[PDB]
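Laboratory data are not the source of any read-out in this text; all were calculated from the coordinates shown. FYI the Cβ positions are ideal-geometry reconstructions off the backbone, even for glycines, and counts take in every protein chain you see.
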Amino acid sequence: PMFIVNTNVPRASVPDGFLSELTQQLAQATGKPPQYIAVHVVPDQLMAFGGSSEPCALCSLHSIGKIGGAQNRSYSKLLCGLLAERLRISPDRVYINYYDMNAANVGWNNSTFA
Amino acid sequence: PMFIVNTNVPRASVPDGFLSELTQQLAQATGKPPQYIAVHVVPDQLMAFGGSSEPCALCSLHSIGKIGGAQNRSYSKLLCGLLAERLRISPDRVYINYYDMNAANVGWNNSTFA
Amino acid sequence: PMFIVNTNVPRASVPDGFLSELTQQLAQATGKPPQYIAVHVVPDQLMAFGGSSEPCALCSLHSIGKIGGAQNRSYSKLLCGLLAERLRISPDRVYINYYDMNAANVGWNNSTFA
C-alpha cells in the first residue's frame with residue numbers, strides 16, 4: 001500500500017513527522033510492512049469542497065487486497081482522524097478513494113507483484 | 001463527485017471564479033448537491049500531449065454512479081468547453097478519466113457511503 | 001495511453017528531453033500512435049517510500065487495453081529503467097499502478113472513445 005493526500009492546507013502546517021506517522025499507522029491498519037508503504041502529501045493546492053476554500057483534502061489509498069466495506073470504514077476513521085488532528089481538516093471535507101489493486105497491475109522494481 | 005484537472009497552463013491563466021464555475025456546472029450536470037462537489041486544479045505542470053507541450057490537460061471525474069456511456073460524453077462536452085473557453089486548451093489535447101466508484105470504496109466524514 | 005510520474009527528485013534533475021523520451025518509448029512499448037500519448041512529470045514532491053525520503057516515485061499508466069500480466073511486467077522494466085537512468089531513482093523505490101480503461105470512460109475532444 002500507498003496513500004496520497006492532496007490539500008489546500010499550506011506546507012508549513014504539515015508537521016514534521018507526518019509522513020512517518022502515516023507510514024506507521026498504515027502499517028498497523030493494513031498489516032503490511034512499513035518498509036513497503038509509500039506516502040505522499042501535496043499541500044498548497046488550488047481546490048474547493050462544496051464551493052468553499054476552508055481546509056479540505058482529496059486522498060487515495062491503493063492496496064493489493066485489504067480493501068472492502070468494513071476495512072474501508074476503519075481506514076476512513078483512522079485517516080480522517082489524522083487529517084483532523086494534524087492538519088486541522090474537518091472530516092466532512094475529506095474524500096478518500098479506495099482502490100483494490102490486482103497484483104498483476106502493480107509495478108515495482110522492474111516487474112510486478114504477479 | 002470530484003473533478004481534478006492537471007494542466008501545463010500557468011496559474012495566472014486560471015480565471016478567478018473558475019473553481020466556483022466548475023462547482024456549479026458539475027452540480028447541474030451530475031445533479032448532486034453543490035456542497036458535496038469537490039474541485040481541484042493543478043496548473044504549471046510539466047507535461048506533454050502527443051510529444052508537444054502546447055496547452056493540454058489530464059483530468060479525472062469520480063462519482064458514485066451517474067457514470068456511463070452517454071453521460072460521459074455529455075460531461076466531456078461540458079468540461080472540454082470550460083477548459084477551452086476558460087484556460088484556452090484545445091479539446092483534442094484533454095483527457096478525462098471517468099471512475100464509477102462503489103459507495104463502499106469512497107471514504108468521507110470518518111466512514112464510507114455504504 | 002497516459003503516464004504520470006510523481007517524485008521527490010528535484011526539478012533541475014529532470015533532464016530536458018525527458019517527456020519526449022517517455023513519449024517515444026511508450027509509443028514503442030504500447031504500439032499506439034505517439035500523437036495520443038500524454039506524459040506528466042511532477043518533481044519536488046513531499047513523499048516517502050518505506051519511511052525513507054531517498055529518491056522515489058509513484059506512477060500510473062492508463063491505457064485502453066494493452067494492460068496485462070506480461071505487458072505490465074515489460075512496462076515496469078522499461079519505465080523503472082528510464083527512471084533509474086534519467087532521474088537516478090532506484091527501481092525498488094518505484095510503484096507504478098496500471099489501469100485498463102474502458103473506452104467509454106476516457107473523455108477526449110468533447111466526447112469519449114465509446
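Take every residue in peptide B:83-91, count the Cβ atoms of other chains within 10 Å of its Cβ, and give the average of those counts.
So the per-residue partner count for this stretch is 1.
What residue of chain C has the nearest C-beta to the axis that moves C onto B, and what is that distance in Å, given as a whole number?
C:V42, 5
Across segment C:41-57, in residue order, what do the Karplus-derived ³J(HN,Hα) couplings come to in whole Hz, using 6.51 cos²θ - 1.76 cosθ + 1.60 with θ = phi - 60° and x for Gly and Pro?
10, 10, x, 6, 7, 7, 8, 9, 10, x, x, 10, 9, 4, x, 8, 8
What distance in nm separates the two pseudo spin-label positions at C:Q24 and A:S53, each 7 Å out from Cα along the beta-carbon direction?
4.2
Around A:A48, under 11 Å between beta carbons, what's the net of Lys plus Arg minus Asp minus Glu among the other residues?
After counting each charged neighbour, the total is -1.
Return the calculated 222 nm mean residue ellipticity for the protein assembly as shown, to the nearest 500 deg cm²/dmol, obtained by summing -39500 (n - 2.57) across DSSP H runs with n ≥ 4 and dividing by the residue count.
It comes out at -8500 deg cm²/dmol, rounded to the nearest 500.
Would you mind giving the mean number of other chain beta-carbons within 10 Å of the Cβ of each residue in C:4-14, as a whole number?
1
Using Cα atoms only, what is the angle between the long axis of helix B:18-30 and the major principal axis of chain B, expressed in degrees (0 to 90) to the nearest 10?
Its long axis makes an angle of about 50 degrees.
Given Cα pairs under 8 Å that are at least 6 residues apart, what percent is the relative contact order of segment C:2-114?
Relative CO of segment C:2-114 lands at 30 percent.
Hey, how many Å between the Cα centroid of segment B:8-55 and the Cα centroid of segment C:22-80?
24
Shortest first and in nm to one decimal, what separations exist between C:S53 and its copies in the other chains, measuring from label points 7 Å along the Cα-to-beta-carbon line?
So the label point of C:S53 gives 2.7, 2.7 nm to the other copies.
Dipole of chain B, Cα-centred, from +1 at each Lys and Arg C-beta and -1 at each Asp and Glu C-beta, to the nearest 20 debye?
Using Cβ point charges on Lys, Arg, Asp and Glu, chain B gives about 180 debye.
Check which residues have an amide H placed less than 5 Å from A:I89's amide H, if you skip close sequence neighbours.
Excluding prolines and chain starts, which carry no amide H, the hits are A:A84.
Along segment B:98-114, what does the Karplus equation 6.51 cos²θ - 1.76 cosθ + 1.60 (θ = phi - 60°) give for ³J(HN,Hα), rounded to whole Hz, x for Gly and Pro?
Once θ is set to phi - 60°, the couplings for segment B:98-114 become 9, 10, 8, 8, 4, 3, 6, 9, 10, x, 6, 6, 6, 9, 10, 8, 10 Hz.
How far apart are the C:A12 label points across copies, placing each 7 Å from Cα toward Cβ, in nm, shortest first?
2.4, 2.4
Across the residues of C:23-29, average count of Cβ atoms on other protein chains within 10 Å?
Whole-number average of other-chain Cβ neighbours for C:23-29 is 1.
Apply the Kirkwood formula to the protein assembly as shown: the hydrodynamic radius equals the inverse of the mean of 1/r over all pairs of different alpha-carbon atoms; give it in Å with one decimal.
Kirkwood radius, the protein assembly as shown: 20.1 Å.
Ranked by Cβ crowding within 10 angstrom, fewest neighbours first, how are C:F49, C:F18 ordered?
Fewest-to-most Cβ neighbours within 10 Å comes out as C:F18, C:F49.
In a Gaussian network model over chain A where Cα atoms closer than 10 Å are linked, find which of A:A57, A:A29, A:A12 has the largest mean-square fluctuation.
Maximum fluctuation in the GNM of chain A, among the listed residues, is at A:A12.
Can you tell me the dipole magnitude for the protein assembly as shown around its Cα centre, using point charges on the Cβ only (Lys, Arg +1; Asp, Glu -1), in Debye to the nearest 20?
My answer is approximately 500 debye.
Going by a ≥ b ≥ c, the root eigenvalues of the Cα gyration tensor, does segment A:2-114 fall in the rounded group (a/c under 1.5), the prolate group (a/b larger than b/c) or the oblate group?
prolate
Which whole-Hz couplings ³J(HN,Hα) result when phi for each residue of segment B:73-90 is put into the Karplus expression 6.51 cos²θ - 1.76 cosθ + 1.60, θ = phi - 60°, listed in order with x for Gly and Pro?
So the Karplus estimates, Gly and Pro as x, are 4, 4, 4, 5, 5, 3, 6, 4, x, 5, 4, 5, 5, 8, 9, 6, 9, 5 Hz.
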